[PDB]
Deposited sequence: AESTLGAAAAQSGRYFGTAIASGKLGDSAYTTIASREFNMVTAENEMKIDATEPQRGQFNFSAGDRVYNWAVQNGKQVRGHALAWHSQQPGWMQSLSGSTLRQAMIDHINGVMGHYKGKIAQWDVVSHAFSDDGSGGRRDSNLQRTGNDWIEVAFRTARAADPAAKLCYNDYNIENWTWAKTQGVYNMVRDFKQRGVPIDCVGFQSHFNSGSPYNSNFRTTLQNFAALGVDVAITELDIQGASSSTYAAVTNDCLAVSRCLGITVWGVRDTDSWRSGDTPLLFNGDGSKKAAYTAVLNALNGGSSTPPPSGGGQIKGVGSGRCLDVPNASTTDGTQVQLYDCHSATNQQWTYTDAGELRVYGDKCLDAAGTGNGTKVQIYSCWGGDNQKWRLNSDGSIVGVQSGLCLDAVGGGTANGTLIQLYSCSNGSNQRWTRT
């Protein structure tokens, strides 16, 4: 349709996936969100080395199939993660080196891909191969020590194991074009195409935080890699803070590159995140959509301080007598130029007034008063501005409502079940 991420993404020929954790599929709230919003799936850990080959030569796909089965059963495609890398290697593989490790690497690829032959759309054949020391060179691991040619071997090996799959190179901190790591990966992919090494895509994990923040030049990076003759994909997206603007900007970068297959966010709810502390996903603990979700959905569909006029009463959201007192319920009044009517929507999804006061709801049920309270980040102060013009309380899940459909000055604002009514739509100015 256009009401869920997967569907909106499809309007541009793209997909929108998430990372599924089999241990959570038993959680109905989890599966309800995951099944409805995404049309692409990645196993968070079930298809990795230690999970698929517990002992040398002994393969094990019970965990992986558990995820795969759920995906196909729910009309989702699957991304294979990951075939050859230094992290999460089972004990036995960690003790290997030289040609012994090299062949173990090849045997692992053959075993996993053979089992999933023709069922996986994309395979992260190699991941985390470059360093972060800022040199843009190869990562120093037991795999790289077997010879610089190990990555090329894994790809030729993967192409032979399942010709139907797209073979991707996956890595993080390669989104900023100015970072050496990014360029090092570009030169390798470039080298591969020139020599005819099988490689169909580059996956940019996209784990953004204040350590390695999103930079708008990410679009040039996608363009650049796409120009090498490969498809690009945002594979493990999550943003510390979950800024609406940052999440919206990444969505647009991909929509600007025809070779960008889609976006996968690393998880469903912040509580499921490997970095829940950074609350970097689109849904939060209770399964409610975050400000960033709306921003992402809006971007997929096409897309400072100001006033919030209610298209249906003509009056603006106003703080009674321009009070600065916490607990003051807002009202509707004749739009004019005064700070008591200037609302700023933040990347956190707050409707700030006076700079540090936040549109607040002291409850969740219908009839709950909408007031101003010191900003502290509570979901009861977070909002989602829907494209239809409604403002939904992230925590309540209710729309800002003009009491008794009133339209006269002094009409209080309240929380009520959304109705698409005129007393629930607004326009920014």
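- No C-alpha positions are given in the record for the deposited-sequence stretch 304 to 310, the only such gap.
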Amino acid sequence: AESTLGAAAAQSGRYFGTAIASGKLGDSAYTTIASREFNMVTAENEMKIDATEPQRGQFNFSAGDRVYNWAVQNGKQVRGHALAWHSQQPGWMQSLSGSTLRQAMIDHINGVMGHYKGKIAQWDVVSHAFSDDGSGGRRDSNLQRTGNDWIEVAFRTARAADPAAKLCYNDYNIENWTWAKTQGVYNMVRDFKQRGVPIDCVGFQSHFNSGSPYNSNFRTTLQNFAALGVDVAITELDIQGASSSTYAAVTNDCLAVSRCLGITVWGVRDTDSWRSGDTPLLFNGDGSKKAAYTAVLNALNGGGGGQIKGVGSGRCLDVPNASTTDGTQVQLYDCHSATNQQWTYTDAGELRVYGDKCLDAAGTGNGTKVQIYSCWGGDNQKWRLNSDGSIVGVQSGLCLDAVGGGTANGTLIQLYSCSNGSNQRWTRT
From here on, numbers count along this sequence of modelled residues.
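- Higher mean CA B-factor, judged across 395 to 403 and 357 to 365 from the recorded values: 395 to 403.
- Just going by the entry, 131 to 139 versus 156 to 164 on mean CA temperature factor gives the higher value to 131 to 139.
- Taking only the listed residues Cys335, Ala227, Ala233, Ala249, the entry reports the highest CA temperature factor at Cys335.
- Residues shown: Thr294, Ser97, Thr324, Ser288. Highest C-alpha temperature factor in the entry: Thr324.
- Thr18: CA B factor lies in the lowest third for its chain, per the PDB record.
- Among all modelled residues in its chain, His108 ranks in the lowest third by Cα B-factor.
- The deposited CA B-factor of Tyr345 belongs to the highest third of values across its chain.
- When the CA B factors of the chain's modelled residues are split into thirds, the value for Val185 lands in the lowest one.
- Among the modelled residues of its chain, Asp388 has a C-alpha B-factor that falls in the highest third according to the deposited record.
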